[PDB]
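Undergrad: pasting the sequence and an experimental structure:
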Amino acid sequence: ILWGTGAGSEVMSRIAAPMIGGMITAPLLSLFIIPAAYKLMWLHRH
Amino acid sequence: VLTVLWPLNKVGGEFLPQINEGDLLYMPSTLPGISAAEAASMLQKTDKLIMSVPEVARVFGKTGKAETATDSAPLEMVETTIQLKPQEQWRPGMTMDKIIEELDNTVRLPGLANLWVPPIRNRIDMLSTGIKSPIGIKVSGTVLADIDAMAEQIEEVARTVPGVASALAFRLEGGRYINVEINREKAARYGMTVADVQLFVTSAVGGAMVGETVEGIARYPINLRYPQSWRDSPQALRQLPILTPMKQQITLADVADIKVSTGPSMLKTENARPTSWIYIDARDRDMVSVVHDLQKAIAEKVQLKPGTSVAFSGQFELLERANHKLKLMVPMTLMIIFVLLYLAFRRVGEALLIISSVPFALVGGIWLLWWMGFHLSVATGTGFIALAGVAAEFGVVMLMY
Amino acid sequence: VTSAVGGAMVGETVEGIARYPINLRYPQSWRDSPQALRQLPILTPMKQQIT
Amino acid sequence: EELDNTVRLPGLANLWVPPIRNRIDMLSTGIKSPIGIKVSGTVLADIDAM
Amino acid sequence: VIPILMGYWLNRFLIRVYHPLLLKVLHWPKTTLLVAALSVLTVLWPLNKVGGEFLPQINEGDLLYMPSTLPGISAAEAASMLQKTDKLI
Amino acid sequence: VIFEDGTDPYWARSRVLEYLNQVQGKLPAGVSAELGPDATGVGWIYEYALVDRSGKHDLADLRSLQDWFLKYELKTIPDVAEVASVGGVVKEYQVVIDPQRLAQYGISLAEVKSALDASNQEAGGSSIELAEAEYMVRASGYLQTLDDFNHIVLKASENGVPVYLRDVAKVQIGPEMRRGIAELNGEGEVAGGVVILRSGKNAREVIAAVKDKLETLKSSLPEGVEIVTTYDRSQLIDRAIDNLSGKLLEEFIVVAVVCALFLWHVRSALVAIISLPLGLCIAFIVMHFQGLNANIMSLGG
Amino acid sequence: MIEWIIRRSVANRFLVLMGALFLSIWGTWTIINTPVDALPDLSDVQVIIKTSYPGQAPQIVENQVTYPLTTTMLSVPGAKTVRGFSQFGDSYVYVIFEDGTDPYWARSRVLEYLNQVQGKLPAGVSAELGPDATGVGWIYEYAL
Amino acid sequence: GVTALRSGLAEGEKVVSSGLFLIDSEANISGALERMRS
Amino acid sequence: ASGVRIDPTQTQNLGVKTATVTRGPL
Ligand SMILES: [Cu+2]
Ligand SMILES: [Cu+2]
């Protein structure tokens, strides 16, 4: 749906792009952040 | 996130949506006051040019308007429909951007300023009563003569305050007239009353209808009129033959003076009084401040003649509303965000992680907007919202683990 | 009765947005009292002059 | 009280009421008496006699 | 919020005033209630026969003056009349 | 037309309309059937009067001033069903036929009227192409000067000498016929108007919107012209609300005094008070559902 | 609680399968019957009143038709603003409402203040009401 | 718009310019003029 | 019981246009 090949695709791509590059850096980097954040609370809960 | 988000927003940012249909709409506008003959000829000229480009199959043109309360275009403005050959039949190396480009370069005539738009999108824009400028000024009054001067004198104090501006008193002119100004005293002499003289105007010199033939389901008009030659020119009217009540034989000029003159070509009025507009705007720029600088500016350098007023309205009508109103929703949504995170974890410090680790899902999405070239719109804002939920969905399952 | 002795309206002047009434009538003195009406001058079709 | 004693003219029977309450009473089509009688007919002359 | 914020965020003589009174009422328990529920019937009966007038009235700041006269008045005299009263008001 | 109490107003109005459509043609010459405004017998929100003791204007002026500037500035305010003019004099071009001039000139009353009502219109004679342009054929004929009156043709001899209206009558300008008069403070009769609110809508809202709209014309009105106000509803509304606000701040303190009187630990007072706002919040929220007005009595309980 | 709803749903494996069929069949029915259009969801709300007046200058059209229409429309309940167009030959009057209101309401609303303005109109010019469509209804065009 | 006067009043005298102090619909001019004096 | 006195005559101080008598030609 990203490739604007066809009709009605002019908008059927402007809504997907945010979730293409957005979900490229979200999950892979959330599993870095989530732990790196759940570990800093063992320094205040201890 | 902060570092990449900052210089990644300062990049392009243009108006919101565009939907391209198969066939396209061609609207070319010209000056007002064009004849239904020349305007029709004009329509044929362009249509034959539009046909020149091998990519087009049909061209259904239209000047003026059709018998419907939805169409209201003047002859000076033509709405032409263009259907193109199947996408599989175009020339080897061509697109629609190229087609539209070739059309705008082929189809064009003096005075006729070309323009191209989508059918549906156009129709919407059409019946759309409203104002395009982000900031607009409505000077209403009793007599057009006065208000028209206001706008003129307001434009003078418009290009003297942060923001570009333009008048309107000029957009609303160009109508051509031939005035039969009846002389009551002259007419009286021959025994004719103002109305009597006017008949030779309405019916004699005008294509005035007067009856209908009932032919089955069909119904056609019957109208009285002189021969065209008797009404060719202004002079012709000054020698318009009149058979007075007293069987006297005179000319129209014997009971009236006729003079050519320009004037209004359409009277747009709002609220039952005559109101001329003033279209002021800026490319990009700010909003909630300019109209304030003007409500005090205009009313402090130009005296409003007794019997008129001023009103401010533009594209910020529903802008300042939605905008400010979203600032009354985003807290509600955050307060419902926490209610859902505290609902499955209950650890306060845990909820914070989600509503703060989301920018990663955001920052990465925009770097793709620049690459592909996508534009900034609400559609992208919709994807980014669903994206925020997608990211927050990776966090809840991870925290739980 | 309607027009002569009454303030009967009969037209309107189109003045910009404004619109004012035009009415025909005799002089007030010709209609002061009942007796006045019994001597209301009438110009009959046959150019006769009666009350 | 001072108004009802100051403001008064022959024939002109005075009365005092609230604005809003009056306006309501005004457009109020109806009958004030606890019991009312409507004698309707064809010619006023007859019913008025009823 | 009661115990969650009352714990987070002459009382002797006053009670005394009422106490003996229960010892005073628990005397002839059944009959005391039949004279109290009788003081209701007894007090309610002559307390209703007192005044009883139409329902509501709402007084606004400014007031409305309606004065009516006989019908058949001229728009001249009626206008004059209006000025007369207004100057008195 | 009275309905069964409870029925939707607009239903009733859109109902009566169908049996008023077929009765429009049956009505006399030029009398029209005006429908009641979208308001009731309470919509009367704001009244005012136009005055001018400089002597630069008069009744005729003021009412016109009200009918072509004011009414149009006020009827354009959100939720204002109607702006009714009150006790004013409307300029009337009154042509006074002198009976004797008629007899002397051989003109009849009947003739003058027909002649008058045939010399006050404008005519359109289609268009006329030239220079590939579209020229529109306009024709004058409206009455403008009093001369246009004096010069209404009644009779024209074969000779060429006409007989005008000025020969059978004078054309004085005067007032019209009035159905009601308005007088201000006993020291002068003037014209004004009342602002009537769309039945269901908000009072104080419109009242405010209106007032500030007037604080705009106070620099657009002619010299000597000033708008003296005669009736403000916000005054009472504001006071009734300020009353309730104080009493609700009364019992707040009263409770804070009692529950902190027998219970020394005072922090138990402020926590017992938050039951009031909520007891009222959860109320106005359900009140909105029914969409019922919040009047003086709906503030009594 | 969230768990229990998942527990009893573990049971009734047959009902959930049927409740899924009543949902899949109820969805297959509406995915078709529901109005499909490339029509970009409308725009604005207003009632149109066009009155044709052949061969009449913009000014005369104003005084004879547009004026009495617009001015008398000022008092139609629900009218935010009123647009008046006096073109040489036609009179397009627009009555704009508060976005959201029912179209037919507005139309059945404007009608009452157009009933009393019909007789006031010139000789034989009529007040035509806008169609039951918007600025997108233009579906199919053709030529003979 | 100006009437030459034969008598009745001398030069200078200020005079209101309105028959708008009476009601066009039979406000007996003689009587309505009386209300203005006492 | 109010012997309040009032001016019976018609009164107007809120809108009356006045003109001055002149000597000149028609
Ligand atoms: Cu167009
Ligand atoms: Cu009353």
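TA: Cool, the structure landed. Numbers count the residues shown, from 1 in each chain, chains lettered A, B, ... in the order given. Ligands and ions are numbered 1, 2, ... in the order given.

Undergrad: is residue B:258 in a helix, a strand, or coil?
TA: Three-state call for residue B:258 (DSSP: H, G, I helix; E, B strand; the rest coil): strand.

Undergrad: now do the contacts for it.
TA: Residue B:258 makes contact with B:178-181, B:234, B:237-238, B:252, according to C-beta atoms under 8 Å, 6 or more residues apart in numbering or on different chains. The C-beta positions use only the backbone N, C-alpha and C, and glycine is treated the same way.

Undergrad: now with 10 Å, please.
TA: When contacts are counted by C-beta atoms under 10 Å, 6 or more residues apart in numbering or on different chains, residue B:258 touches B:178-182, B:201, B:234-238, B:240, B:252, F:137-139.

Undergrad: near chain G, from those?
TA: Applying C-beta under 10 Å from any C-beta of the partner chain, the subset of these adjacent to chain G comprises B:178-179, B:201, F:137-139.

Undergrad: ok, which stretches of chain F are strands?
TA: Using DSSP state E, the strands of chain F run over F:44-51, F:80-86, F:92-97, F:123-130, F:133-139, F:153-156, F:162-164, F:169-174, F:191-197, F:226-231.

Undergrad: the last one near chain E at all?
TA: Yes. Under the criterion of C-beta under 10 Å from any C-beta, chain E is reached by strand F:226-231 at F:230-231.

Undergrad: buried set for that strand?
TA: By neighbour count, and taking 16 or more other C-beta atoms under 10 Å in any protein chain shown as the criterion, the buried residues in strand F:226-231 are F:227, F:230-231.

Undergrad: the residue nearest to residue G:98 when sequence neighbours are not counted: which element?
TA: Beyond its immediate neighbours in the sequence, the residue positioned closest to residue G:98 (C-beta to C-beta, 6 or more residues apart in numbering or on different chains) is residue G:80, lying 5.6 Å away. Assigned by DSSP states H and E, residue G:80 falls within strand G:79-87.

Undergrad: can you give me the angle the very next helix or strand once past that strand makes with strand G:79-87?
TA: Sequence order places strand G:90-97 as the next helix or strand after strand G:79-87, per DSSP H and E. Interaxial angle of strand G:90-97 relative to strand G:79-87 (axes from the mean of the first three to the mean of the last three C-alpha atoms, to 10 degrees): 170 degrees.

Undergrad: in its sheet, what does strand G:90-97 sit against?
TA: In the sheet containing strand G:90-97, the strands it pairs with under DSSP bridges are strand G:46-52 (antiparallel), strand G:79-87 (antiparallel).

Undergrad: how far does it sit from the chain's center?
TA: Strand G:90-97 sits 13 Å away from the centroid of its parent chain (C-alpha atoms, centre = their mean, to the nearest Å).

Undergrad: and the next element down the chain from that strand?
TA: Read in the C-terminal direction, the helix or strand following strand G:90-97 is helix G:103-110, with elements assigned using DSSP H and E.

Undergrad: I'd say residue B:316 and residue B:292 touch.
TA: No. Taking C-beta atoms under 10 Å as the contact criterion, residue B:316 and residue B:292 are not neighbours in contact, 11.4 Å apart.

Undergrad: which of those two has more neighbours?
TA: Each of residue B:316 and residue B:292 had its neighbours counted (other C-beta atoms under 10 Å in any protein chain shown), and the higher figure belongs to residue B:316 (18 against 10).

Undergrad: are any of the contacts of residue B:258 buried, and which?
TA: The neighbour-count criterion (16+ other C-beta under 10 Å) marks B:178-180, B:182, B:201, B:236-237, B:240, B:252, F:137-139 among these as buried.

Undergrad: I'd like these laid out as a markdown table, including secondary structure and distance to chain I.
TA: Rendered in a markdown table, the data for these read as follows (DSSP: H, G, I helix; E, B strand; the rest coil; distance: C-beta to the nearest C-beta, whole Å):
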| residue | secondary structure | distance to chain I |
| --- | --- | --- |
| B:178 | strand | 39 |
| B:179 | strand | 33 |
| B:180 | strand | 34 |
| B:182 | strand | 28 |
| B:201 | helix | 37 |
| B:236 | helix | 43 |
| B:237 | helix | 39 |
| B:240 | coil | 39 |
| B:252 | helix | 35 |
| F:137 | strand | 40 |
| F:138 | strand | 35 |
| F:139 | strand | 34 |
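
Undergrad: list just the nearest of those to residue A:32.
TA: Comparing the buried ones among the contacts of residue B:258 against residue A:32 with C-beta to C-beta places residue F:138 closest, at 79.5 Å.

Undergrad: is the closest one in a bridge, and if so with what?
TA: Counting by DSSP bridges, residue F:138 is bridged to residue B:179, residue F:124.

Undergrad: any idea how far it is from chain E?
TA: Using C-beta to the nearest C-beta, to the nearest Å, one obtains 42 Å as the distance from residue F:138 to chain E.

Undergrad: please apply the same query to residue B:241.
TA: Residue B:241 sits 54 Å away from chain E when distances are taken as C-beta to the nearest C-beta.

Undergrad: surely that residue is in contact with residue B:229?
TA: No. The criterion here is C-beta under 10 Å, and residue B:241 misses it with residue B:229 at 11.7 Å.

Undergrad: residue of chain G closest to chain I, please.
TA: Per C-beta to the nearest C-beta, the residue of chain G with the smallest distance to chain I is residue G:71, at 26.1 Å.

Undergrad: that residue belongs to a helix?
TA: Yes. Counting by three-state DSSP, residue G:71 is located in a helix.

Undergrad: who touches the residue nearest to residue G:98 in this structure?
TA: For residue G:80, the contacting residues are F:76, F:78, G:45-46, G:95-99, G:101, by C-beta under 10 Å, 6+ apart.
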